[PDB]
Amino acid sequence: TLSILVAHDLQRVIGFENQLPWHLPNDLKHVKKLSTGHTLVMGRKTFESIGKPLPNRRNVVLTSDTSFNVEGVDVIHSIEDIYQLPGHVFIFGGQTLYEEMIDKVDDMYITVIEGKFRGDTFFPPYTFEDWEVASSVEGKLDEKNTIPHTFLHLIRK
């Protein structure tokens, strides 16, 4: 099973200066819950923006760097390698990986952040003509999560 897992704003911003532009604990929980016991595949820049693997799942980094070696991280050097990974694989970012994979994934788990942030990296345009809304769930707005957000599960028609 091949899924995208992304959070993007109203204009599809996903990043600014190698960080996420917003702080949303609800979405971090969502990510942890969805991907625990499974596999994350991410581009080299995305990995480096955090610098350590997320515990309790497989962390896979795509890079052309033949020297890349990080404890608790598995390395791949081709998009083709993704299809050989067993289990439920989540494409975890960043822009380059999403652009390469959006036409290939079975489904998408998207957190829509209902704001407009300054960004330098974007999720690719997509249309609901191509995607069924399996579920759409409003996130809870509170003191620690103060940006409205909606968890979408989209399945390719």
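Throughout, we count residues from 1 along the sequence that is shown.
- 54-62 and 108-116 differ in mean CA B-factor, and the higher of the two is recorded for 54-62.
- The stretch with the higher mean CA B factor, choosing between 65-73 and 121-129, is 65-73.
- Take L141, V137, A134, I14 and read off each C-alpha B-factor from the entry; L141 has the highest.
- In the PDB entry, a CA B factor belonging to the middle third of its chain's modelled residues is recorded for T39.
- Ranked within its chain, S49 lands in the highest third, by CA B factor from the PDB record.
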